[PDB]
Structure formats: structure tokens, C-alpha cells
Amino acid sequence: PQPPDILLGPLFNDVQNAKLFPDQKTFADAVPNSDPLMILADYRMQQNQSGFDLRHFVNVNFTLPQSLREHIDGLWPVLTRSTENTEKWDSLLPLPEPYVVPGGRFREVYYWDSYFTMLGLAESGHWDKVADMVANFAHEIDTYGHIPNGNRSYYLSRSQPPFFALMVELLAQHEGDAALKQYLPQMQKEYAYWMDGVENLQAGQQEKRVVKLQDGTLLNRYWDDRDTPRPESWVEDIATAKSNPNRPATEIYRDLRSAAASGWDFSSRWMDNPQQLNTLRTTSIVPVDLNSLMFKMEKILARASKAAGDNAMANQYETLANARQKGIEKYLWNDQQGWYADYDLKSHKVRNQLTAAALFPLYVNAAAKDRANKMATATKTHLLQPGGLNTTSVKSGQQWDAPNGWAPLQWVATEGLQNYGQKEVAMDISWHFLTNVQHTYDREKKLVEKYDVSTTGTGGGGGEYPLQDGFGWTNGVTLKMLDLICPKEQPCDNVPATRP
Ligand SMILES: OCC1=C[C@H](N[C@H]2C[C@H](CO)[C@@H](O)[C@H](O)[C@H]2O)[C@H](O)[C@@H](O)[C@@H]1O
């Protein structure tokens with residue numbers, strides 16, 4: 001499958017640049033009614049004729065795309081899609097089983113979203129859907145060599161935060177070690193993708209998603225194999241590169257795509273100047289969340305191997321995990337500030353900024369106990385707000401920043417804090433975010449993609465597209481949290497005004 005900019009060449013550029021549709025993702029998801037080569041020969045003939053209408057040419061040649069608890073349960077069918085077969089030349093990639101999409105403009109499965117959605121499904125006893133989704137991701141691993149950002153041809157050149165091993169662990173909570181052993185080959189295969197290029201890597205060098213520091217420490221980074229505009233945000237990325245003539249455009253395209261591989265598209269976290277997206281430099285930053293996830297993946301791989309009966313392999317994975325933990329503790333802790341943070345390959349130091357990503361070492365149990373206590377303090381002091389956990393302390397105009405609260409980060413933070421007995425802060429995050437979700441639901445009768453955490457009752461904003469409704473990981477995380485804040489004796493269908 002070729003991404004639409006390659007498949008439809010000059011025509012794709014021209015349709016996007018003409019802005020025939022208010023969302024750039026629209027034409028990226030359009031299906032050619034006939035062979036692209038034919039539509040392209042045709043376009044070359046007509047395009048310069050008197051009174052040629054581009055829009056008309058496109059219409060002819062393409063097909064274009066109750067309680068809180070009750071509401072979430074009724075949404076699952078609306079968010080479920082089944083696409084075992086796909087039309088010829090569709091950007092949508094086929095999957096063997098039904099899958100849940102986030103909602104709105106997101107009409108395909110997403111990698112990291114699905115873990116948090118599956119948490120909700122698992123909590124509701126929809127273990128069949130959870131099995132189906134693990135199977136879908138295993139299929140993509142075998143088919144593409146890795147999990148794409150989503151099941152679209154324009155997502156094949158990148159991944160997303162790697163939650164597959166955690167999904168397999170989720171499935172094992174129901175099916176036992178049999179699930180770990182079943183999906184071991186695909187977990188190893190995903191690991192080999194993340195580590196591709198390590199062989200022959202020298203100190204001080206990076207290759208694809210692997211970074212080797214000057215002392216030999218191996219860590220990973222986000223990376224996309226392409227350095228061109230994103231088809232799904234074509235005119236935005238061109239405008240971003242055009243606005244900064246002092247950088248090669250390919251470098252800007254690479255970092256835009258890599259921030260998209262990071263899940264945090266976009267954030268002051270990646271930028272020299274928090275008010276200029278054209279300064280982002282994702283590929284020179286070693287992310288603390290990614291490397292926390294890699295640690296977890298290595299720990300899960302060791303467990304699966306040992307269950308499977310392969311002890312030499314289990315010992316290898318445990319040794320790799322032990323080394324990664326030493327790297328996180330050394331390069332991804334900011335000792336001057338007292339919090340985890342990303343590492344800057346440009347300055348050769350730990351970056352200053354506190355973001356919600358700094359909770360990930362707690363989430364995966366990599367963190368030292370004293371650093372976990374320090375993180376509880378940093379969270380209360382800087383990130384915890386009336387409507388939930390702030391993403392950063394910086395209002396950049398981007399969506400992965402203040403004042404936005406994102407469901408997946410609320411879950412990572414509360415689970416992380418609980419892993420170290422920091423129960424008070426963990427409960428405050430859950431209660432604040434849930435109240436926000438409930439309040440917005442009382443107002444709008446919906447769940448949304450992200451929330452403004454400075455108060456409760458309003459959805460968030462920022463970035464290159466409008467606030468989306470649904471919404472997969474909000475619904476999944478909400479159900480999980482709802483079930484935990486109320487006793488099993490008396491479960492709640494709405495978030496209550498009093499803590500029990
Ligand atoms: O809910 C799906 C998502 C959409 C958001 N990003 C997608 C939309 C971008 C176009 O607006 C796309 O380039 C990116 O790769 C996609 O993952 C969000 O920031 C992601 O963390 C999230 O997984």
C-alpha cells in the first residue's frame with residue numbers, strides 16, 4: 001500500500017493545496033473510483049484546459065468519507081468498525097477483526113488509544129473485543145513489521161507509544177500466561193523494530209529509533225521513516241516549514257512526523273520556542289515515556305519467555321531491562337529540578353521542563369522510591385489542577401500542553417502513583433478528572449477527546465484540528481476510574497458529588 005501522496009502524485013498535492021475540504025484528512029481518506037495511473041493520465045490531459053474544475057474532477061473520480069455509564073456502554077457499537085476487506089486503493093488498511101475507533105475524524109484504529117479503550121472494554125467484561133484487538137495488532141506486526149500509528153497507508157512510516165506488550169498483559173489478566181506465550185513472537189518482532197539499527201551502532205550515534213549515548217547507554221527515540229509533509233496535514237506541514245527558512249524543510253518534516261509518532265502532536269515539550277511549532281526537534285530528544293515503555297516491554301518479554309520455557313531468553317530480556325533502568329535513572333532524571341524529564345541530544349543534558357510524561361517511570365516501576373515521592377510532590381505542586389492532571393505548565397496554543405487534560409495521562413499518573421503508595425494524590429487526580437468528565441457530560445451529553453483542567457465542565461482545544469467527540473480513551477479511562485472510586489458493594493453510574 002502506497003501513501004496517497006505517492007499513489008496520487010501531483011493530483012494529491014493540488015487537491016490538498018486547493019483546500020477543497022475543510023479538513024486535510026478528508027482527501028487523504030478518499031477512495032479512487034478507478035486505477036490511480038488512469039485518473040492521473042486523465043488529470044494531466046484536463047488540468048490545463050479552459051474551464052477545468054478541480055472539484056468536479058474529484059467528485060467524479062473519488063469516493064469521499066441516561067447515566068454516564070449507560071452512555072459509554074451504548075457508544076461501543078457506534079465506535080466499532082469491521083473492515084476485513086477494503087476497496088482497491090483505499091488508504092484504510094484491512095484488519096482481521098472488528099475494532100474500536102476514537103471517534104469524529106478519527107475513523108481508523110490508533111495504537112496507543114486502543115490500550116486505554118481496551119481497559120474500558122475489559123472492565124465491562126467485553127473480553128471478546130479485547131481478544132479481537134490484540135489479534136488485530138499482532139496481525140499488523142506480522143504484516144508490516146510493526147504497529148503503524150493507525151490502520152492507514154499514511155501511518156505506515158511510523159508507530160506510536162508502544163503499548164502492545166501491555167495489551168498482551170491486559171489480555172493475560174483474563175486468559176492467564178497462555179496469552180503471553182501466544183503473542184511472544186509478535187512482541188519480539190515489535191521489539192526488533194524498536195531496536196533496528198543497534199547492530200553496528202557506535203557511542204554518540206543514533207539510527208532510526210535507537211540512540212546510543214557517549215558512554216554506550218542504549219535508549220530509544222521517536223522516528224518516522226519519511227521526511228515529507230504528512231498527507232493528512234499536508235498544507236499545515238508545508239506552512240510550518242515555509243515559516244522557518246533557517247532549517248532544512250526535510251528536518252522540520254521529520255520532526256513533525258516524529259512528534260506524531262510520539263502521540264504528543266503537538267507540544268512545547270519538543271520545541272525550543274514554545275510559541276513556534278517550526279522550532280520543534282523531536283528526533284534530538286530522548287523521551288522519558290517511550291523509554292519507560294521500552295523497559296516495561298523488556299520486563300514483559302522476560303516474563304513471557306520464562307513462561308514459555310525459554311530461560312536463556314528470559315535472562316537476556318531481564319539484563320536488557322536492568323540496563324535500561326540504569327539509563328533512565330542517569331539520563332532521564334533532572335537532579336537540579338527534582339523530576340524525570342527528557343534528555344537533549346543537542347546540549348548533552350537533561351531537559352528542564354516538567355511534563356506529565358515524567359510519571360511514566362512510576363507507571364512502569366522503573367523509578368527509585370525516593371524519586372517516586374519527589375514525583376508525587378512535583379505533581380501536587382505543578383500539574384494537579386481543579387479539573388485533572390495538566391499535561392504541561394505551558395500554554396503554547398498546542399493540544400499537548402496546558403490547560404489540556406488527556407485521559408491516558410490521568411490513568412498513567414494515577415496507576416504510577418499507586419504503584420508507590422501515593423494514594424492521596426492518585427485519588428485527587430481521578431476525582432478531579434472524573435468530575436470534569438461528569439460535568440461536561442451533564443452539560444453537553446457527550447464525552448470528548450481532552451478537557452480543560454483549570455476548571456470542570458469544558459473540553460480542551462488547541463492545535464490543528466477542532467475538539468473531537470466520542471471518545472475512545474476518555475470512555476475507557478472513565479469506566480475504569482468510575483469502577484475504582486466507588487465500592488463494589490454500591491457501584492456508581494454517575495460520578496458522585498461526595499466521595500464515599
Ligand atoms: O485519538 C487519535 C489521536 C489523534 C491525535 N493525532 C493524530 C492526528 C494527526 C493529524 O491531525 C496525525 O498526523 C497523527 O499521526 C495522529 O496520531 C493525537 O495527538 C494522538 O495522540 C491520538 O492517538
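Residues numbered from 1 in each chain as written, not as in the entry; some residues may be left out. Heavy atoms only, no water. Residues with missing side-chain atoms left out of burial classes, pairs and counts.

In the PDB archive, X-ray crystallography is given as the structure determination method for this entry, at a resolution of 2.20 Å.

### Considering the sheet that holds strand 12 (residues 349-350)
We count it as follows: A pair of strands counts as paired when DSSP detects no fewer than two bridges linking them. Numbered from the N terminus, helices here are DSSP runs of H or I no shorter than four residues, and strands are runs of E no shorter than two.
Spatial ordering of the open sheet is given by 8-11-12, a layout of three strands whose pairing is antiparallel. Every other strand in the sheet has two partners, leaving strand 8 (285-286) and strand 12 as the edge strands with one partner each.

### Here we look at the sheet that holds strand 6 (residues 210-212)
Convention followed: Helix axes are fitted only over the stretch in contact, all axes being lines through C-alpha atoms; the angle between N-to-C directions runs from 0 to 180 degrees.
The three strands lie next to each other as 5-6-7, forming an open sheet whose pairing is antiparallel. Single-partner strands in this sheet number two, and they are strand 5 (205-207) and strand 7 (218-220). If you compare each strand with its neighbour and ignore which way they point, the axes differ by 20 degrees on average. Sheet topology places strand 6 next to strand 7; three bridges connect them, and they run antiparallel. Bridged to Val 210 within strand 7 is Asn 220.

### Concerning the side chain of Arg 247
Worth spelling out the cut-off: Should any heavy atoms of two residues lie within 4.5 Å, those residues are counted as being in contact.
Within the element layout of this structure, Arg 247 appears in the loop between helix 12 (234-242) and helix 13 (249-261). When neighbours within four sequence positions are excluded, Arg 247 is seen to be in contact with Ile 252, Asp 255, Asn 278, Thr 279, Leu 280 and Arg 281.

### Quick look at the packing of helix 9 (residues 164-175) against helix 11 (residues 184-194)
Quick note on the threshold: Each angle is binned into one of four classes, with values under 35 degrees roughly parallel, values over 145 roughly antiparallel, values of 65 to 115 roughly perpendicular, and all other values oblique. Left-handed describes a crossing whose near helix is turned anticlockwise from the far helix through less than a right angle; right-handed describes the clockwise counterpart. Charged means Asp, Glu, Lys or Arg here, nonpolar means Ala, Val, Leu, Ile, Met, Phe, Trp, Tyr, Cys or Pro, and polar covers whatever is left, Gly included.
Axis separation between helix 9 and helix 11 bottoms out at 10 Å; the angle between their running directions is 165 degrees. Overall, the two elements helix 9 and helix 11 adopt an arrangement that is roughly antiparallel. Where helix 9 crosses over helix 11, the handedness of that crossing is left-handed. On the side of helix 9, the interface is formed by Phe 164, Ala 165 and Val 168, while helix 11 contributes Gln 186, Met 187 and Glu 190. In terms of residue class, the contact of helix 9 with helix 11 is built from four nonpolar, one polar and one charged.

### What to know about the nonpolar core
Stated formally: Residues belong to one nonpolar core when they are buried, are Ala, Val, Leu, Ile, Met, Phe, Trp, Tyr or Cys, and are joined through side-chain atoms within 4.5 Å. Per-residue accessibility, obtained with a 1.4 Å probe over protein chains only, is compared with the maximum for each type, and a residue is labelled buried under 20%, exposed over 50%, and partly exposed between these values.
The biggest cluster of nonpolar side chains holds 157 residues, and the ones touching the most others in it are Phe 116, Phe 163, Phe 164 and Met 375. Not counting residues up to four positions away in its chain, the partners in contact with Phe 116 are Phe 163, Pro 408, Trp 411, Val 412, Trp 473, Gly 476 and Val 477.

### Re the pattern of salt bridges
Defined as follows: Within this document, salt bridges are pairs made up of a side-chain nitrogen of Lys or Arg and a carboxyl oxygen of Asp or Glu, the two lying within 4 Å of each other.
On inspection of all chains with the given rule, the structure shows 35 salt bridges. Between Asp 493 and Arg 69 there is a salt bridge whose closest N-O contact spans 3.2 Å. One end of the pair, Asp 493, is in the segment after helix 20 (472-485); the other, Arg 69, is in helix 6 (residues 68-79), and 424 residues separate them in sequence. With a shortest N-O distance of 2.8 Å, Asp 344 and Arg 281 are connected by a salt bridge. Here the residue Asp 344 occupies a position in strand 11 (residues 343-344), and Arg 281 occupies one in the loop between helix 13 and strand 8, the gap between them amounting to 63 residues. As far as the burial class goes, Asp 344 and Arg 281 line up, both buried. Via salt bridges that share partners, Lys 25, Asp 29, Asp 90, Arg 107, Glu 108 and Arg 152 belong to a single interconnected network.

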